[PDB]
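The chain below stands alone and is given in structure tokens; this is the form deposited in one PDB entry.
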């Protein structure tokens, strides 16, 4: 009767503790799986006094590089457009076959980019393309981390074929002065290596072709490559769920439930004492 009712109610509350433990374990499994599916990303900005000289692989095609200069000032000085000028950059011409065509072979002009961002160093390039019939004259450029790595790397063709994939390729148009402010984003993945990518913001400024004012009629390309700021953006995903913390938390919960059960036994004893007193 009453004794049996109390006994079955208390075995029921013990089963309730066991069910709470099982529900906690199931919720832990689900939360661990969800956390594994969705690692959380962290971004840290690491300042560098001077950047490693980037490699700017340009694809002029028929465009003739009139001049290349390294300018430490915030702006390039006045120029003499349309004619060859002094060249003061490090260039390397390489003809590789892009893996995505495998048939067409492209010639690239790798230029050593600016190093000292703190001095606002920039590289100013001027190309000239003779009369053409394309109606849209632009030159492709691809940025990769280090020009020296390219120089001292065997099978430079292999290095370039890796860049045509691991790096994006943009365009700069004629009749502008495409000012490219570039930044480094290094993403760290779980499987070791850290991948470096080039972000770049482009600002086009019209070129005033009133100076020739003659039958020149030849496209002029002006470009400036410069580092946006001394900060490299390190981005890495973090696996918020690790087995050891989960095991420790579940063990603590199980210990708490066990002490709850022994407290229930002590409550049994207390009720027995109260009944005895009556």
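Positions refer to the first chain, counted from 1. Just so we're on the same page, rigid core means the largest C-alpha set that superposes within 1.5 Å between forms.
Absent from the display: the form deposited in another entry. The rest refers to it.
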After a rigid core superposition between the shown form and the other one, the exception among 188, 106, 119, 156, its Cα shifting by 2 Å or more, is 188
Worksheet item: Does the distance between the two CA positions of residue 173 reach 2 Å or more between the shown form and the other one, the core being superposed?
Response: no
- Core-superposed C-alpha of residue 39 shifting 2 Å or more between the shown form and the other one: yes
inquiry  = residue 226: after superposing the rigid core, is there a C-alpha shift of 2 Å or more between the shown form and the other one?
reply    = no
Evidently the Cα separation of residue 76 and residue 55 changes by 3 Å or more in that other deposited form, so the atoms lie farther
Checking the C-alpha spacing of residue 75 and residue 86, a student should find that in that other deposited form it changes by 3 angstroms or more, with the atoms closer
